[PDB]
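*Asks:* I'd like to ask some things about the structure below.
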Amino acid sequence: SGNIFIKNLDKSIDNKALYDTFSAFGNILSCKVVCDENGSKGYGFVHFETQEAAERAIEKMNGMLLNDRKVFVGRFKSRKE
(Lines give C-alpha, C1' and ligand atoms only; values in the text may rest on other atoms or scores of the structure.)
Protein backbone atom coordinates (compact mmCIF):
# COMPACT_ATOMS: atom_id res chain seq x y z
CA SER A 1 0.00 0.00 0.00
CA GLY A 2 1.05 3.55 -0.81
CA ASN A 3 -1.16 5.05 1.92
CA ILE A 4 0.36 7.45 4.47
CA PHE A 5 -1.07 9.49 7.34
CA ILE A 6 0.43 12.77 8.48
CA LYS A 7 -0.15 13.93 12.04
CA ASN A 8 0.43 17.18 13.91
CA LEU A 9 -0.30 19.31 10.82
CA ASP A 10 -0.84 23.02 11.32
CA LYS A 11 -4.61 23.53 10.99
CA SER A 12 -4.14 26.22 8.33
CA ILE A 13 -2.84 23.58 5.84
CA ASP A 14 -5.55 22.76 3.31
CA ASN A 15 -5.77 20.00 0.65
CA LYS A 16 -3.81 21.98 -1.98
CA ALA A 17 -0.98 22.79 0.47
CA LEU A 18 -0.88 19.07 1.42
CA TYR A 19 -0.71 18.05 -2.27
CA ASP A 20 2.06 20.59 -2.84
CA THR A 21 4.06 19.13 0.08
CA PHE A 22 3.75 15.48 -1.03
CA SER A 23 3.52 15.50 -4.86
CA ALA A 24 7.33 15.37 -4.99
CA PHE A 25 7.46 11.70 -3.91
CA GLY A 26 5.23 9.96 -6.44
CA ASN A 27 1.91 9.81 -8.22
CA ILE A 28 -0.83 10.93 -5.83
CA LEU A 29 -4.22 9.22 -6.21
CA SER A 30 -5.93 11.22 -3.50
CA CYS A 31 -5.13 13.35 -0.53
CA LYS A 32 -7.06 15.21 2.06
CA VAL A 33 -6.91 17.00 5.35
CA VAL A 34 -9.46 15.46 7.70
CA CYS A 35 -11.97 17.97 9.06
CA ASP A 36 -15.03 18.06 11.31
CA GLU A 37 -17.76 20.69 11.83
CA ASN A 38 -15.17 23.13 13.23
CA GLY A 39 -12.51 22.91 10.50
CA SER A 40 -9.26 20.95 10.13
CA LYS A 41 -8.65 18.19 12.67
CA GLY A 42 -4.88 18.62 12.21
CA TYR A 43 -4.14 15.45 10.26
CA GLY A 44 -4.06 14.28 6.66
CA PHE A 45 -4.02 11.31 4.33
CA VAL A 46 -2.09 10.86 1.08
CA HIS A 47 -2.70 7.83 -1.14
CA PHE A 48 0.25 7.21 -3.46
CA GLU A 49 0.09 4.76 -6.35
CA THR A 50 3.17 2.90 -5.02
CA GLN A 51 4.66 1.71 -1.73
CA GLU A 52 8.07 3.06 -2.78
CA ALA A 53 6.59 6.57 -3.10
CA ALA A 54 5.20 6.32 0.44
CA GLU A 55 8.65 5.26 1.73
CA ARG A 56 10.30 8.23 -0.03
CA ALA A 57 7.74 10.55 1.59
CA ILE A 58 8.35 9.09 5.08
CA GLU A 59 12.14 9.22 4.66
CA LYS A 60 12.09 12.94 3.76
CA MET A 61 9.12 14.29 5.76
CA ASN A 62 8.77 12.28 8.98
CA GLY A 63 9.82 14.52 11.89
CA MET A 64 10.29 17.60 9.68
CA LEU A 65 9.05 21.14 10.39
CA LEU A 66 5.84 22.12 8.62
CA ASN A 67 5.12 25.60 9.96
CA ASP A 68 6.08 25.66 13.68
CA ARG A 69 5.18 22.01 14.15
CA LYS A 70 7.05 18.73 13.63
CA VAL A 71 4.93 16.37 11.61
CA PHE A 72 4.75 12.64 11.97
CA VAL A 73 4.44 10.68 8.69
CA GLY A 74 3.70 6.92 8.74
CA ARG A 75 2.40 4.03 6.64
CA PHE A 76 -1.16 2.82 7.17
CA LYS A 77 0.06 -0.76 6.85
CA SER A 78 3.58 -1.86 7.77
CA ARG A 79 5.80 -4.25 5.78
CA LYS A 80 5.60 -7.97 6.61
CA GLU A 81 7.89 -9.22 9.40
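As shown in the C-alpha coordinates, the chain order sets the letters A, B, ...; within each chain, residues go from 1, and ligands are also counted from 1 in the order they appear.
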Check chain A with DSSP on the backbone and list each residue it calls alpha helix (DSSP H), as a PDB file with N, CA and C atoms, in the first residue's frame.
*Replies:*
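Heads up, here's the output in selection26.pdb:
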ATOM      1  N   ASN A  15      -6.086  21.099   1.577  1.00  0.00           N
ATOM      2  CA  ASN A  15      -5.772  20.001   0.649  1.00  0.00           C
ATOM      3  C   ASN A  15      -4.697  20.346  -0.395  1.00  0.00           C
ATOM      4  N   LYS A  16      -4.761  21.557  -0.950  1.00  0.00           N
ATOM      5  CA  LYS A  16      -3.805  21.977  -1.977  1.00  0.00           C
ATOM      6  C   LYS A  16      -2.385  22.122  -1.424  1.00  0.00           C
ATOM      7  N   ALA A  17      -2.261  22.718  -0.237  1.00  0.00           N
ATOM      8  CA  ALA A  17      -0.983  22.785   0.467  1.00  0.00           C
ATOM      9  C   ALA A  17      -0.432  21.386   0.777  1.00  0.00           C
ATOM     10  N   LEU A  18      -1.300  20.456   1.184  1.00  0.00           N
ATOM     11  CA  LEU A  18      -0.884  19.066   1.417  1.00  0.00           C
ATOM     12  C   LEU A  18      -0.367  18.412   0.137  1.00  0.00           C
ATOM     13  N   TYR A  19      -1.116  18.575  -0.959  1.00  0.00           N
ATOM     14  CA  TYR A  19      -0.711  18.053  -2.273  1.00  0.00           C
ATOM     15  C   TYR A  19       0.642  18.619  -2.645  1.00  0.00           C
ATOM     16  N   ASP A  20       0.787  19.937  -2.518  1.00  0.00           N
ATOM     17  CA  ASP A  20       2.056  20.589  -2.844  1.00  0.00           C
ATOM     18  C   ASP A  20       3.242  20.056  -2.028  1.00  0.00           C
ATOM     19  N   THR A  21       3.004  19.680  -0.779  1.00  0.00           N
ATOM     20  CA  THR A  21       4.059  19.133   0.079  1.00  0.00           C
ATOM     21  C   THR A  21       4.463  17.700  -0.344  1.00  0.00           C
ATOM     22  N   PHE A  22       3.503  16.911  -0.801  1.00  0.00           N
ATOM     23  CA  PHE A  22       3.752  15.476  -1.028  1.00  0.00           C
ATOM     24  C   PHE A  22       3.855  15.005  -2.481  1.00  0.00           C
ATOM     25  N   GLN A  51       4.023   1.832  -3.045  1.00  0.00           N
ATOM     26  CA  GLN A  51       4.664   1.709  -1.735  1.00  0.00           C
ATOM     27  C   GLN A  51       5.987   2.471  -1.672  1.00  0.00           C
ATOM     28  N   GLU A  52       6.780   2.382  -2.739  1.00  0.00           N
ATOM     29  CA  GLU A  52       8.070   3.064  -2.780  1.00  0.00           C
ATOM     30  C   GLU A  52       7.916   4.576  -2.646  1.00  0.00           C
ATOM     31  N   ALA A  53       6.850   5.129  -3.230  1.00  0.00           N
ATOM     32  CA  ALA A  53       6.588   6.569  -3.101  1.00  0.00           C
ATOM     33  C   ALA A  53       6.321   6.939  -1.656  1.00  0.00           C
ATOM     34  N   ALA A  54       5.489   6.135  -0.991  1.00  0.00           N
ATOM     35  CA  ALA A  54       5.197   6.324   0.444  1.00  0.00           C
ATOM     36  C   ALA A  54       6.478   6.301   1.303  1.00  0.00           C
ATOM     37  N   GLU A  55       7.394   5.384   0.988  1.00  0.00           N
ATOM     38  CA  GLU A  55       8.646   5.261   1.728  1.00  0.00           C
ATOM     39  C   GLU A  55       9.540   6.473   1.506  1.00  0.00           C
ATOM     40  N   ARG A  56       9.552   7.004   0.279  1.00  0.00           N
ATOM     41  CA  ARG A  56      10.305   8.225  -0.030  1.00  0.00           C
ATOM     42  C   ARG A  56       9.736   9.395   0.768  1.00  0.00           C
ATOM     43  N   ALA A  57       8.409   9.483   0.822  1.00  0.00           N
ATOM     44  CA  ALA A  57       7.737  10.554   1.588  1.00  0.00           C
ATOM     45  C   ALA A  57       8.082  10.506   3.086  1.00  0.00           C
ATOM     46  N   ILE A  58       8.030   9.304   3.654  1.00  0.00           N
ATOM     47  CA  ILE A  58       8.354   9.088   5.077  1.00  0.00           C
ATOM     48  C   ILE A  58       9.807   9.444   5.351  1.00  0.00           C
ATOM     49  N   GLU A  59      10.706   8.976   4.488  1.00  0.00           N
ATOM     50  CA  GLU A  59      12.136   9.225   4.662  1.00  0.00           C
ATOM     51  C   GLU A  59      12.409  10.727   4.755  1.00  0.00           C
ATOM     52  N   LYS A  60      11.813  11.499   3.850  1.00  0.00           N
ATOM     53  CA  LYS A  60      12.090  12.937   3.759  1.00  0.00           C
ATOM     54  C   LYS A  60      11.311  13.782   4.775  1.00  0.00           C
ATOM     55  N   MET A  61      10.065  13.412   5.042  1.00  0.00           N
ATOM     56  CA  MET A  61       9.124  14.288   5.759  1.00  0.00           C
ATOM     57  C   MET A  61       8.849  13.939   7.219  1.00  0.00           C
TER      58      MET A  61
END
*Asks:* Skip residue A:62 itself and residues of its chain fewer than 5 positions away, then list as a ChimeraX atom specification all residues within 12 Å of it, counting only C-alpha atoms.
*Replies:* /A:4-9,22,54-57,69-75
*Asks:* Kindly give the distance, in Å, that separates atom CA of residue A:68 and atom CA of residue A:46, rounded to a single decimal.
*Replies:*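 Computing it gives 21.1 Å between the two atoms.
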*Asks:* As an exercise, work out the distance from atom CA of residue A:30 to atom CA of residue A:48 in Å and give it to one decimal place.
*Replies:*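 Interatomic distance, atom CA of residue A:30 to atom CA of residue A:48: 7.4 Å.
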*Asks:* What lies within 8 Å of residue A:14 using only C-alpha atoms, ignoring chain neighbours under 5 positions off, as a list in words?
*Replies:*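 The filter keeps residues 32, 33 and 40 of chain A.
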*Asks:* For residue A:47, please output as a VMD selection string all residues within 7 Å (counting only C-alpha atoms; exclusion window: fewer than 3 positions along the same chain).
*Replies:* chain A and resid 2 to 4 28 to 31
*Asks:* Can you tell me how far atom CA of residue A:34 sits from atom CA of residue A:1, in Å to one decimal?
*Replies:*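 According to the coordinates, atom CA of residue A:34 and atom CA of residue A:1 are separated by 19.7 Å.
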